[PDB]
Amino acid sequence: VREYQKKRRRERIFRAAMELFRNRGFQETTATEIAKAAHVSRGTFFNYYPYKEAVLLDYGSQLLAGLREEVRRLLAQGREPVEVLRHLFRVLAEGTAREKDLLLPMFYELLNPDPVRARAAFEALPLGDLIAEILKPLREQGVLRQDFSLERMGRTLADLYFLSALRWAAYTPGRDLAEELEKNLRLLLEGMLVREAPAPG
């Protein structure tokens, strides 16, 4: 019964932290406030979350798992990969705009000077690999280059999302994030060089 109590405890702390973060702000909330609200010692909080940002990483990982489930659903339903890609970025744009205040500090964590944490943030938010899954069918379909691995390409697109999202959130919140993300997709997918227009129907 310890495992169940342990999972119950982590989940409660998470909820407590998220409620406080949403109502008072991430930076303004302290481990002491979180512990109090979750009904646990501060020491217990740190045992589950050694540093506050780890709560946000937990959150982003949850958001990503929901998107993954969505993408896999659309692909199994037979949606064209390119459309799923365009769908994913549209949903990423919407979710990022909606959760801007919590995602911003989480975004900086990927740029943490301490390599151990930058690494932990990275592994917790594998958007790059989700994108790779969508590219996979395109490759077997023969329309995708093969001089670069699916992994490195997906990672490149995920890096663009990250930079555009961070910049939008930190510096230009008034701009159209959906359009900006569509641009990254269109450029990396089709390239800057013009392509052949099909014979009209």
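Numbers for residues come from their place in the sequence shown, where the first is 1.
- For the pair 138-146 and 24-32, the mean B factor over Cα atoms is greater in 138-146.
- In this entry, the higher average B-factor at the C-alpha atoms falls on 71-79, of the pair 92-100 and 71-79.
- Across 54, 65, 37, 166, the greatest Cα temperature factor reported in the deposited entry is at 37.
- Looking at the C-alpha B-factors along this chain, the one for residue 113 belongs to the highest third.
- Residue 43: CA B factor in the highest third of modelled residues in this chain (values from the PDB entry).
- When the modelled residues of the chain are ordered by C-alpha B-factor, residue 60 sits in the lowest third.
- Among all modelled residues in this chain, the alpha-carbon of residue 173 has a temperature factor (C-alpha) in the highest third.
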